[PDB]
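In the block that follows, a single chain appears as structure tokens, in the form deposited in one PDB entry.
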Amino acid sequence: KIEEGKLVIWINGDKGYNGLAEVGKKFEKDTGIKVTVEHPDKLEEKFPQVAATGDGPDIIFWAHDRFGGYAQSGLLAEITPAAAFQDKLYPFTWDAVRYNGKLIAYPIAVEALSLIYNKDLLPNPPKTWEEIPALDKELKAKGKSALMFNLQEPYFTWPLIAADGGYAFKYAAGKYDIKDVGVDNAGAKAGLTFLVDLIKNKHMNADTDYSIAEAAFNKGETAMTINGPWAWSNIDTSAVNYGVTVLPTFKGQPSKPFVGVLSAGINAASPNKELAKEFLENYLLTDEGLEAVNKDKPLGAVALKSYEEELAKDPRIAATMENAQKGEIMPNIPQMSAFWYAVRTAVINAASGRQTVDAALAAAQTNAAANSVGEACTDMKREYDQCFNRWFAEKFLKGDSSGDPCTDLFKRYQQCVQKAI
């Protein structure tokens, strides 16, 4: 299980994990407390599995959308920064990591997708998605192409899908409507249909992934890609001369990327919660800690005000913020995981031709809604069970029963299930 007196951090392999390891070395030099940074594959799915057994990292980095799920399953410690420390970060970043009235992580940086373009191939990038076919056709005649980006992660296509009206979950009055997923409407279909038509008219390849799109852009073969701040670093070392700009408009509407707050949460099973708090508040979330990470791979717009004021001079960051403001902060509810799985499949199926746009999205809507409501019914069940298991062991089995207290909890659960059907 987790080791006492040591910090183990998990963070995604596309981030500045070597720079974070330098912050960890500084912590060790000051305190003698070893910090180890790992980037396991699919860490966002591995974390819940290992943490549920009380193993895993002391600190986990991911975008904020996954944290509500982790918190709801009891996998994260509550965090309680002093007022003085909170005021060092932008208030909207705290909002992203608030779940059920509690803070469940520290906000690190704001990530949004932008359009990245090769200035030598394309000194004026297109303002609209509708121009892309004609641009591509021209470029293919010269043995180049217009645009390549990662089709295998729905994060990258969502901005298009959402531009004319696709959504995830309704929000109103402090509550997400989990019965209703917005992935099957006219705007969602128009967006995805545009994408599939790019593929059908040979302007993109259906199995373009992160690495193929990254190699194609940084080797000068394609004129544009869609990516986050983390990717700028590899383009810097390539021979490509790039700019970063607002995503193209669709049906005259802004693309709407789903905006992530890269966040650090503390494993509820960690024996090192105080050391983790010290590391995060006094080493990572400082101008020099963020600089060391940023130097490795750009973080984006950082949550820390003092450092963001220096980063705001970078036009790449201004573009990141332009796109962020046109997009939307992701929800952090546990259902988000089901939303993404379902959109991932729909995109891949429609892009590869395994399903039509209309059947792919209809099926995503159905499966996301079912699992989302299912996760609520499961939470109602778990609450019944906690009440019953408590009552049965401490009351019934001790011969001190005069009725089952946990009947209304069951009926609420029963109603959830029977309504879902």
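Residues carry their position along the shown sequence, with the first being 1.
Not pictured, yet referred to below: the form deposited in another entry.
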task = Pick out, from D197, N241, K46, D314, the position at the hinge of the rigid-body motion between the shown form and the other one.
result = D314
key: CA-CA separation of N18 and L115, closer or farther in that other deposited form than in the form shown [shift of 3 angstroms or more]   = farther
query = Where do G69 and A338 end up in that other deposited form, Cα atoms closer or farther than shown, with a change of 3 Å or more?
reply = farther
